[PDB]
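Here the Cβ is made from the backbone with ideal geometry for all residues, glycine too, and neighbour counts use every protein chain on show. Numbers and lists here come from the model and the stated rules, or from a named source; these are not laboratory values.
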Amino acid sequence: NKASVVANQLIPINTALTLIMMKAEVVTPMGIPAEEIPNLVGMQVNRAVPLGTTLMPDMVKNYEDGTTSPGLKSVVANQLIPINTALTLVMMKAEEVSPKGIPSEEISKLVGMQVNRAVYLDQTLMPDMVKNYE
């Protein structure tokens, strides 16, 4: 089988991995492959990554758009938004990503709403970081 993207060195939290920190080794479990290496390269993680850590879906927010059928498109801040910032669909990208944070059900109504917490780059928007919805 093809090798997967397993980090050889240890990565801290929120760190874009590169070709040097990305090792294509054939280890299990076969998390995300390296076909989109040149696409999701520099992808930051949600928590600290140990040595030889394979790319996991639950450990990485939007590892890449390798999904086909959306349906469960979740809102993800592909960019960085400072606390209290009326973010709209432009800064928010409702795509199918895990885990299922906040689905774009009525986003058109909450779009441009000011957040009470700071938001980093591609981060999964959750109802725990926002105030009281409608």
Please specify each residue of the stretch 24-41 satisfying the condition of being in contact with a helix residue (DSSP H, G or I) (Cβ under 9 Å, 6 or more places away or on another chain) and closer than 22 Å to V76 by Cα.
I32
Complete set of residues in the stretch 76-103 that are among the β-branched types (V, I, T) and farther than 17 Å from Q44 by Cβ
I83, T85, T88, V90, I102
Filtering the stretch 63-76 down to residues that are within 13 Å of the chain's Cα centre (by Cα) and under 14 Å from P103 (Cα atoms), which residue is surrounded by the most Cβ atoms within 10 Å (Cβ to Cβ)?
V75
Per the filter on the stretch 36-62, residues free of Cβ contacts under 8 Å to residues at least 24 places away in the same chain and more than 23 Å from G101 (Cα to Cα) are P38
Pairing a residue in the stretch 64-80 that is closer than 20 Å to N14 by Cα and not assigned by CATH to the domain that holds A34 with any residue that is surrounded by 13 or more Cβ atoms within 10 Å (Cβ to Cβ) and aromatic (F, W, Y), where Cβ atoms lie under 8 Å and the two sit 6 or more apart in sequence or on different chains, gives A77/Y120; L80/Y120
Can you find a residue that is outside any loop (DSSP other than H, G, I, E, B) and in contact with a helix residue (DSSP H, G or I) (Cβ under 8 Å, 6 or more places away or on another chain) anywhere in the stretch 8-22?
yes
Qualifying positions in the stretch 117-134 - over 12 Å from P82 (Cβ atoms) and either part of a strand (DSSP E or B) or touching a residue at least 24 places away in the same chain (Cβ under 8 Å) (or both)
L121, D122, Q123, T124, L125, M126, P127, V130, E134
Mind checking whether some residue in the stretch 42-63 is assigned to a loop (DSSP other than H, G, I, E, B), under 22 Å from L125 (Cβ atoms) and in contact with a helix residue (DSSP H, G or I) (Cβ under 6 Å, 6 or more places away or on another chain)?
yes
State whether one or more residues within the stretch 89-105 are more than 19 Å from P29 (Cα to Cα), surrounded by fewer than 17 Cβ atoms within 10 Å (Cβ to Cβ), of a type in the set (G, A, S) and outside the structural domain of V27 (by CATH).
no
Those residues of the stretch 1-17 which are among the polar types (S, T, N, Q), surrounded by fewer than 16 Cβ atoms within 10 Å (Cβ to Cβ) and over 16 Å from the mean Cα position of the chain (by Cα) amount to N1, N8, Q9
Would you pick out the residues in the stretch 103-116 that are more than 18 Å from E64 (Cα to Cα) and either touching a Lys or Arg at 6+ places or on another chain (Cβ under 9 Å) or among the hydrophobic types (A, V, I, L, M, F, W, C) (or both)?
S104, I107, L110, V111, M113, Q114, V115, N116
